[PDB]
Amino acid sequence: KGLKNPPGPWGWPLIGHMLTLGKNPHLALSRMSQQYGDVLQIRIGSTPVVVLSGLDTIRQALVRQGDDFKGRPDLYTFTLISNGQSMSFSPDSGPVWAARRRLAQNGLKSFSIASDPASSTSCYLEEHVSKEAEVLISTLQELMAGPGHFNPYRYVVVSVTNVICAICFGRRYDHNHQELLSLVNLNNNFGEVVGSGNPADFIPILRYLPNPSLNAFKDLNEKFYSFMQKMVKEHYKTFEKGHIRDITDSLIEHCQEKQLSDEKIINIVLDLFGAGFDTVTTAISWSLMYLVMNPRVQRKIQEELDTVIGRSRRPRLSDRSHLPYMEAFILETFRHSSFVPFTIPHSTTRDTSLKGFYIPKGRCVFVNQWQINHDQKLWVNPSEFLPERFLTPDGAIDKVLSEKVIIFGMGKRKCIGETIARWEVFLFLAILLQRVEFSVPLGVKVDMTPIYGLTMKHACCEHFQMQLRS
């Protein structure tokens, strides 16, 4: 009716609610939204923060009022990413950002969904995922002959990285390549530092005290930026104007057809490479954890594969639409884990209101996806892993209910690799489960508790076993 300020609990005058958030902000703020509602206010240090919950309220802000909520706060941790010029994390939300986003979407679309000039049956993504799925199966058979057990993340992260690495740099790597493992599987705390609520972003003194976490984050980005440099120079040395091989070339080509510094056009590939390998690897890793902890669910997926395709040919993307129980499992992996509990923090571009509450310009905003995916109002038993909740009586996907699983964001800042992620996750699982069975013996600890971060990881598990099927 009128205009109010967003409600919220009392906080300490110097540190605010930093202690209320604790180690699991997504859980603390979910309980908090049950009491104060979909639009609430807190403080981290002296910085106010508005936290958005509820499915309709978040759609109202990110979509219907999207231009008001399309900004990024000028946090310190973001200034360390891509030399302070990250497309996704810098405070630039004007036309320069929109142009870079438009370069990334077309680069992805051109080298993921487009038809491969070599094969006629499949596209780029399906070709790459098929190759790595085979190498992944062979690599796991070797481990079953030796130690008899393995850590799936150790080898999934390479297979997933080779896919995005072929789309970006036209290269793949061996599962024991020392350079790669040092890059994608050596002290990778990117998600832990960038996760919404990092005290270093709101308590300035923590940035200058002995901080091993922040030191690892600085080294990690310097290492990734050097890798970008190496791959761009190697591409320039062998660049052919009429033969665009990957996304790096389509960006070099755009630097010649030349607002956008050379650096801001090139480092876009790094945002795609870093996001492509980290989030899909975590998604496939979480999927494997659920398959092992819910053998009932693993066999029902295999039964559908045998019925709809059989073991006479490998699965294909065209079969995704006809495997509803596979989609129900992927949707419930996203929903139950919500391994992306918050979007990247947002920021208001101008004074605005939301559900009658005033939010001034420059206000930092958290978007709680975990709250949606676990809302008691929307789901029956939110804490249980039940893929059947997305299935109709006739065995089809309930389109209305699947669209209430929020993990890719909304509006102007939504994920640009959503389709790639959904096709890549589907194919890897379809090819593997058709041929192998994953399991873990009784009596071994398997900690399913998520570890907070931008992308929530699980405790590593060395007790995975894989067996061929009958």
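For every residue, the number given is its place in the sequence shown, counted from 1. In this text, the rigid core denotes the largest set of C-alpha atoms whose superposition between the two forms falls within 1.5 Å.
Taking the root mean square of CA deviations in 5 other deposited structures of this protein after fitting on the rigid core, 184 to 192 and 236 to 244 differ, and the farther of the two is 184 to 192. The entry models residue 258 and residue 259 with a gap of 4 to 9 deposited residues left without coordinates. Averaged over their C-alpha atoms, the temperature factors of 355 to 363 and 101 to 109 are higher for 101 to 109. Taking only CA atoms, the mean B-factor in the PDB entry is higher for 235 to 243 than for the other of 393 to 401 and 235 to 243. Each of 335, 346, 350, 311 has a CA temperature factor in the record; the biggest one is found at 311. As recorded in the PDB entry, 179 shows the highest C-alpha B-factor of the residues 278, 179, 201, 388. When the modelled residues of the chain are ordered by C-alpha B-factor, residue 212 sits in the highest third. In the deposited entry, the Cα temperature factor of residue 283 sits in the bottom third of values across the chain's modelled residues.
The deposited CA B-factor of residue 159 belongs to the middle third of values across its chain. Looking at the C-alpha B-factors along this chain, the one for residue 267 belongs to the middle third. For residue 331, the recorded CA B-factor ranks within the lowest third of the chain. Only modelled residues enter the ranking.
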